[PDB]
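*Asks:* Under our numbering, think of the first position of the sequence shown as 174, with each following residue one higher.
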Amino acid sequence: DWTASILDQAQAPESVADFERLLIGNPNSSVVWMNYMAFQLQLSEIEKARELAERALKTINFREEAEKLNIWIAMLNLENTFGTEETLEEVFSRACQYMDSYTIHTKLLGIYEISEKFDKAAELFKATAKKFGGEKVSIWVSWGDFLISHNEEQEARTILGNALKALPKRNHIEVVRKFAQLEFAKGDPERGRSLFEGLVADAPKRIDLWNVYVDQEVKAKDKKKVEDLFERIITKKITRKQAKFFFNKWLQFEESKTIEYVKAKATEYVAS
Numbered sequence: 174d175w176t177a178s179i180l181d182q183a184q185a186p187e188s189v190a191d192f193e194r195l196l197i198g199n200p201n202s203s204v205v206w207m208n209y210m211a212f213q214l215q216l217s218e219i220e221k222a223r224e225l226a227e228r229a230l231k232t233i234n235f236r237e238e239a240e241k242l243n244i245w246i247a248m249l250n251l252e253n254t255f256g257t258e259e260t261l262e263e264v265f266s267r268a269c270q271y272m273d274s275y276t277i278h279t280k281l282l283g284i285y286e287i288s289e290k291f292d293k294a295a296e297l298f299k300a301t302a303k304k305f306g307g308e309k310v311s312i313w314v315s316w317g318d319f320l321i322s323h324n325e326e327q328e329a330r331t332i333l334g335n336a337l338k339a340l341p342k343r344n345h346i347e348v349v350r351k352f353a354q355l356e357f358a359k360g361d362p363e364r365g366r367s368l369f370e371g372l373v374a375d376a377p378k379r380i381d382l383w384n385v386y387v388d389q390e391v392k393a394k395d396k397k398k399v400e401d402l403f404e405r406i407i408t409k410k411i412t413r414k415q416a417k418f419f420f421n422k423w424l425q426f427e428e429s430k431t432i433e434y435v436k437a438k439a440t441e442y443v444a445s
């Protein structure tokens, strides 16, 4: 159960002797080590589960990186809900020294969100953006997600500004694109529209963006918004089979009266 949330974050034995037996045949299995740490936690044996984790890191084959990753995440969780800021910092410092620092940062961000320590999350987000944000688009998207879902849509947009200032130009389309999807999914779809309109305005040829745009409007389901978008799409330069793709999208959407206004235009372009 406890081990299920860690296996999520990372993307019948009943006694010490049972687990020690299972470890003989599966020394490299973090699920066994995690269930064993768990068993020792539902007994309020925190100092014993700490020991298991150190055994697990010295026992699991160093080639088995993903398995080692889970154990560190188990240690961060245990230290987060039972330890203290000093014990949590020691583990964090060691985990960053032994696993990839950035993924470890993002794991702690998730632990903070799950455990609803939002003050520490916010603070951490700013720190890891400061040191990985020059290279990593995701820190920005996930900070923006955080701010939007705590109703700080404004602060979200000023953090998108910071990303554009920190990221190289070839990632700008991606942040903005992903911040826009966020806006449609969780914040203000109107701001989502401004952002897409700005991209399309800068990359009029990039037909892939027009696609992401309309799909977002399809999911938002607003009637005139979707039609207005489709009619603007045709005037822009489309190839043969790509022009067909948009028609498939338009047809099966309006399906789910004016199902005729599209068919009469669907073959006027095979002609002209």
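All C-beta atoms in this analysis are idealised placements derived from N, C-alpha and C, irrespective of residue type, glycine included.
Which of the three DSSP states, helix, strand or coil, is assigned to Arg236?
*Replies:* Mapped onto the sequence shown, residue 236 falls at position 63. Reduced to three states, the DSSP call for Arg236 is coil.
*Asks:* Which value, in whole angstroms, describes the spacing of the CA atoms of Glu370 and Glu404?
*Replies:* Mapped onto the sequence shown, residue 370 falls at position 197. Mapped onto the sequence shown, residue 404 falls at position 231. So the alpha carbons of these two residues sit roughly 15 Å apart.
*Asks:* Please classify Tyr434 as buried or exposed, where buried requires at least 16 neighbouring CB atoms within 10 angstroms.
*Replies:* As a first step, residue 434 is located in the sequence shown; it is residue number 261 there, counting from the start. That one is exposed.
*Asks:* Closest to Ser188 by C-alpha separation, out of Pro200, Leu214 and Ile411, would be which residue?
*Replies:* As a position in the sequence shown, residue 188 is number 15, starting the count at 1. Minimum Cα distance to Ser188 is reached at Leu214.
*Asks:* Rank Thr260, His323, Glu193 and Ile179 by C-alpha distance to the C-alpha of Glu356 and give the top, closest one.
*Replies:* In the sequence shown, the residue the question calls residue 356 occupies position 183. Comparing Cα positions, the closest option is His323.
*Asks:* Rank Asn253, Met272, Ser315 and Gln354 by C-alpha distance to the C-alpha of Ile219 and give the top, closest one.
*Replies:* Here residue 219 refers to the residue found at position 46 of the sequence shown. Considering only alpha carbons, the answer is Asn253.
*Asks:* Nearest to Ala222 by CA position, among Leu251, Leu196, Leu340 and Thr232, is which residue?
*Replies:* By one-based count along the sequence shown, residue 222 stands at place 49. Taking only the C-alpha atoms, the option nearest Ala222 is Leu251.
*Asks:* Anyone know if the C-beta pair for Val391 and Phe420 falls short of 7 Å?
*Replies:* Residue mapping note: residue 391 aligns to position 218 of the sequence shown, counting from 1. Residue mapping note: residue 420 aligns to position 247 of the sequence shown, counting from 1. No, these two residues do not count as a Cβ contact at 7 Å.
*Asks:* Under the rule that 16 or more other beta-carbon atoms within 10 Å means buried, what is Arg379, buried or exposed?
*Replies:* Here residue 379 corresponds to residue number 206 of the sequence shown, with the count starting at 1. Classification of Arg379: exposed, given that the 10 Å Cβ count is below 16.
*Asks:* Please list, in chain order, all residues of the same chain as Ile277 whose beta carbon is under 6 Å from its beta carbon, the five residues on each side excluded.
*Replies:* Here residue 277 is taken as the residue at index 104 of the sequence shown, counted from 1. Correct list, in chain order: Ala268 and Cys269.
*Asks:* Does the pairing of the region 229 to 236 with the region 194 to 202 give three or more beta-carbon distances under 8 Å?
*Replies:* Yes, the region 229 to 236 is in contact with the region 194 to 202.
*Asks:* Measure the Cβ-Cβ separation of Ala226 and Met207 and say whether it is below 7 Å.
*Replies:* Counting from 1 along the sequence shown, the entry for residue 226 is found at position 53. Counting from 1 along the sequence shown, the entry for residue 207 is found at position 34. Their beta carbons are not under 7 Å apart, which means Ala226 does not touch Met207 by this criterion.
*Asks:* Within its chain, find whatever has a CB closer than 8 Å to the CB of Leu297; leave out the 5 residues flanking it on each side and keep chain order.
*Replies:* Along the sequence shown, one-based indexing puts residue 297 at 124. Closer than 8 Å at Cβ, skipping near neighbours: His278, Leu281, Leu282 and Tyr285.
*Asks:* What alpha helix (DSSP H) runs, 4 residues minimum, are completely inside the region 317 to 390?
*Replies:* Runs of the alpha helix (DSSP H) inside the region 317 to 390: 326 to 339, 342 to 359 and 362 to 375.
*Asks:* How about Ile179 and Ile246: are their beta carbons less than 7 Å apart?
*Replies:* Taking the sequence shown and counting its residues from 1, one reaches residue 179 at position 6. Taking the sequence shown and counting its residues from 1, one reaches residue 246 at position 73. Cβ atoms of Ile179 and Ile246: closer than 7 Å.
*Asks:* Give the range of the alpha helix (DSSP H) segment to which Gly198 is assigned.
*Replies:* What you label residue 198 is simply residue 25 of the sequence shown in a count that begins at 1. From DSSP, the alpha helix (DSSP H) with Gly198 extends over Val189 to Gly198.
*Asks:* Report buried or exposed for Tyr386, applying the criterion of at least 16 other Cβ atoms within 10 angstroms of its Cβ.
*Replies:* Stepping through the sequence shown from its first residue, residue 386 is reached at position 213. Counting Cβ neighbours within 10 Å, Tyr386 comes out buried, since at least 16 surround it.
*Asks:* For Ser288, which residues of its own chain have a beta-carbon under 8 Å away from its beta-carbon, when the five flanking residues on both sides are left out?
*Replies:* Counting from 1 along the sequence shown, the entry for residue 288 is found at position 115. Contacts found: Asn253 and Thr254.
*Asks:* Where does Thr440 land, buried or exposed, given buried means 16+ other C-beta within 10 angstroms?
*Replies:* Looking up residue 440 in the sequence shown gives position 267. With fewer than 16 Cβ atoms within 10 Å of its Cβ, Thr440 is classed as exposed.
*Asks:* By the DSSP assignment, the alpha helix (DSSP H) with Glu262 in it spans what residues?
*Replies:* Here residue 262 corresponds to residue number 89 of the sequence shown, with the count starting at 1. Run containing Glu262: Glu258 to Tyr271, per the alpha helix (DSSP H) assignment.
*Asks:* Alpha carbon to alpha carbon, how far is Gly306 from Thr260? Give it in angstroms, no decimals.
*Replies:* Reading the sequence shown from its first residue, position 87 is the one you call residue 260. Reading the sequence shown from its first residue, position 133 is the one you call residue 306. Roughly 26 Å between the two C-alpha positions.
*Asks:* For my contact list, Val349 and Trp313 are in at a C-beta cut-off of 8 Å; report their separation, rounded to the angstrom.
*Replies:* Residue mapping note: residue 349 aligns to position 176 of the sequence shown, counting from 1. Residue mapping note: residue 313 aligns to position 140 of the sequence shown, counting from 1. The pair is not a contact, with the Cβ atoms about 10 Å apart (cut-off 8 Å).
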